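Protein chains in written order, with PDB author numbering: chain B, 75 to 124, 129 to 231, 234 to 315, 333 to 359; chain A, 75 to 124, 129 to 315, 332 to 359.
This report concerns only the one structure given below.
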Amino acid sequence: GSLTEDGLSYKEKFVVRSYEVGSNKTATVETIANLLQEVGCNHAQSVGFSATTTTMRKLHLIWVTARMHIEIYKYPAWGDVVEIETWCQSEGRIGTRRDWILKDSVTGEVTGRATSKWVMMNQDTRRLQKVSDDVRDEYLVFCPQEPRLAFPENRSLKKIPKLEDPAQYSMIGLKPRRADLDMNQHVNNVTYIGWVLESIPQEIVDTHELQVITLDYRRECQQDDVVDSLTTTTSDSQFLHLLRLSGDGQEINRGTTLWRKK
Amino acid sequence: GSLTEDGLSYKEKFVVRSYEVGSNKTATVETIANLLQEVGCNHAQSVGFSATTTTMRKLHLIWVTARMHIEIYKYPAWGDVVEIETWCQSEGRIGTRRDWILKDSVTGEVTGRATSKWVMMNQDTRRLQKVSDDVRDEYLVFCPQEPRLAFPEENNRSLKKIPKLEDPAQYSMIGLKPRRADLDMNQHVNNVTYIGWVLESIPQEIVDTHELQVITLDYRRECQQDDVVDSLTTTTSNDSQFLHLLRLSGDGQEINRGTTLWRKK
Ligand SMILES: CN(C)S(=O)(=O)c1cn[nH]c1
Ligand SMILES: CN(C)S(=O)(=O)c1cn[nH]c1
């Protein structure tokens, strides 16, 4: 992996592994999501980050994902090489955005694209706050200043409603194991993708390919929490999703998926 | 990755990823186990398998893991490059063995080693059978003929007998269910998920103050996609040892048994 010539974006190549593929011998959406996180982390490292800036560490501030949107045209096959380009952009005082472009290394064609919105919050109180000018001049030097959108047109900005009971489908009692946690003992965001997809019926997974997924992150699931995954068909096939705590029903995530017939 | 010069073993390098590490910023045992599987799969592909031979595919036969033994001296850090060498050996008509050696690419020192015993089984009936001459002659050309053991020692931990944990267990984690990410390309539960499930009943305080040095797992039965498992652990012991058992949540049918050895950080 390396920063591009202008130092305003980062590229990395990955060879798809045997345990990273599903029944179609192609990478799952969770493997793609993991690769997006890995390339984002390598970009932050290459430009001297933790991605907390120097003023953020003093103030105990962190970037947290508010929304993630992924669109896949072709899932790479086991053994294929995928190239991913990522970059960040400031969204004024609202927060920041990280975008990605996925390409087949052999053909050079765009096989997927993703976008994510991040907000600043105090690490301890979990309270959101606007982006200060001091904590903006430090990260703007690593971002392109003219607009550069992975989704210029679109589905990434759609409003997501709250699923109403009764749900058409459900998977209950979902619990994270130690492998679902990151280096800071927080549940990895890719686990929420898996949990959302668990309530899609197996027949849909067997006859369709996931083309679009949009997730809004509302609250974190702790290590000792138990989650219920709820899905209702809103339609290609479209679904409305909701993850909530198994007991009191407190919302953790909401989302939408769009699936195409194979 | 590539076969070595003699074509009797295979090496591959991996750079440890951010999501592959735990609290110490080092690879978890599940990441190591995943890498062992990946290098084994690349070795079979390099020598023409897909690891069923031509006679095996004709008779609906497959290799299945009976026992897995891993010993880790140093877990690689996030960003470190680890080199893994793997090879197979015939164990007469009993079955086959796949061994691995893990090294730090920078220092060249052995940071870990693993061994696994595989048995031949009919894919549909799940009935075991001894290795015939026709199958043996097809895979022996890809194996070193003189002994090559990752665990040579005459009284090593890889060959120890594992007893069945007796109720009541000291610790337990109940209601464990596999999700779609725990399945392989053939919709079977990945063996690395059983490692995770075994480790779930180790108390968090032990995980926080110790590093896992050795893990031995005996595979008895496969967990289906709609099965629910209970993970049971009892301390048997500067070092801590545990006896483990995974069984079906309902009738208590055994799926796996194992042992772990942990050392103080
Ligand atoms: C791709 N998603 C899983 S995400 O946008 O939540 C993300 C990206 N880097 N870290 C989290
Ligand atoms: C390392 N283990 C998880 S294993 O020995 O069960 C194995 C190795 N390749 N496939 C399974």
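The beta-carbon is built from N, C-alpha and C at its ideal position, and this holds for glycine as well.
Burial state of residue i (16 or more Cβ within 10 Å)
i               : result
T131 of chain A : buried
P230 of chain B : exposed
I252 of chain A : exposed
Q265 of chain B : exposed
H147 of chain B : buried
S83 of chain A  : buried
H138 of chain A : exposed
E283 of chain B : exposed
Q167 of chain A : buried
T164 of chain A : buried
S315 of chain B : exposed
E187 of chain B : exposed
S124 of chain B : exposed
Backbone CA spacing between residue i and residue j [nearest angstrom]
i               : j               : result
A259 of chain A : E104 of chain B : 8 Å
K181 of chain B : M263 of chain A : 23 Å
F220 of chain B : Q111 of chain B : 18 Å
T312 of chain A : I162 of chain B : 46 Å
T100 of chain B : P246 of chain B : 34 Å
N332 of chain A : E289 of chain A : 11 Å
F88 of chain B  : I179 of chain B : 13 Å
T354 of chain B : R235 of chain B : 10 Å
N268 of chain B : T133 of chain A : 44 Å
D202 of chain A : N350 of chain A : 21 Å
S334 of chain B : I293 of chain B : 12 Å
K239 of chain B : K208 of chain B : 22 Å
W196 of chain A : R171 of chain A : 11 Å
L254 of chain B : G274 of chain B : 10 Å
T102 of chain A : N98 of chain B  : 28 Å
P281 of chain B : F336 of chain B : 11 Å
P225 of chain B : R341 of chain B : 36 Å
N233 of chain A : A192 of chain A : 16 Å
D212 of chain A : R176 of chain B : 56 Å
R145 of chain A : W356 of chain A : 20 Å
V184 of chain B : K358 of chain A : 48 Å
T189 of chain A : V113 of chain A : 16 Å
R298 of chain B : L339 of chain B : 11 Å
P241 of chain A : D345 of chain A : 20 Å
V276 of chain B : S210 of chain A : 47 Å
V95 of chain A  : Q223 of chain B : 34 Å
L237 of chain A : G352 of chain A : 12 Å
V160 of chain B : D80 of chain B  : 22 Å
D304 of chain A : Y151 of chain A : 37 Å
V121 of chain A : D296 of chain B : 46 Å
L206 of chain A : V270 of chain A : 22 Å
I140 of chain A : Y272 of chain A : 20 Å
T78 of chain A  : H117 of chain A : 10 Å
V142 of chain A : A129 of chain B : 43 Å
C115 of chain B : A155 of chain B : 24 Å
Minimum C-alpha distance to residue i - residue among the options
i                      : options                           : result
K136 of chain B        : B:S279, B:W356, B:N200 and B:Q282 : B:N200
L243 of chain A        : A:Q347, A:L82, A:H138 and A:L109  : A:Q347
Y93 of chain A         : B:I106, B:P225, B:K85 and B:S83   : B:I106
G157 of chain B        : A:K255, A:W356 and A:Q119         : A:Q119
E300 of chain A        : A:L227, A:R204 and A:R257         : A:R204
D308 of chain B        : B:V213, B:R91 and B:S250          : B:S250
residue 360 of chain A : A:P241, A:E169 and A:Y151         : Only positions 75 to 359 of chain A appear in the structure, and residue 360 of chain A is not among them; the question remains open.
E86 of chain B         : B:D215, B:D80 and B:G75           : B:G75
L227 of chain A        : A:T174, A:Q248, A:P241 and A:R257 : A:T174
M198 of chain A        : A:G186, A:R214 and A:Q302         : A:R214
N108 of chain B        : B:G122, B:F123, B:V121 and B:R91  : B:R91
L261 of chain B        : A:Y272, A:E278, A:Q248 and A:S343 : A:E278
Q302 of chain B        : B:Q291, B:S194, B:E149 and B:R257 : B:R257
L310 of chain A        : A:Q291, A:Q248 and A:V285         : A:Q248
Contact test: residue i Cβ vs ligand 1 heavy atom, cutoff 6 Å
i               : result
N269 of chain B : yes
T102 of chain B : no
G114 of chain B : yes
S194 of chain B : yes
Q119 of chain B : no
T78 of chain A  : no
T189 of chain A : no
Distance cut-off 6 Å: residue i Cβ against heavy atoms of ligand 2
i               : result
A107 of chain A : yes
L110 of chain A : yes
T143 of chain A : yes
Cβ-heavy atom distance, residue i to ligand 3, below 6 Å
i               : result
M146 of chain B : You won't find ligand 3 in this model; what it holds is ligand 1 and ligand 2.
Worksheet item: What alpha helix (DSSP H) runs, 4 residues minimum, are completely inside the region 192-226 of chain B?
Response: Runs found: 212-218.
Worksheet item: Can you list the beta strand (DSSP E) stretches of 3 or more residues lying completely in the region 244-280 of chain B, in chain order?
Response: Runs of the beta strand (DSSP E) inside the region 244-280 of chain B: 249-254.
Worksheet item: Along the chain, which unbroken stretches of the alpha helix (DSSP H) at least 4 residues long are found entirely within the region 283-308 of chain A?
Response: Along the length of the region 283-308 of chain A, whole alpha helix (DSSP H) runs at least 4 residues long do not occur.
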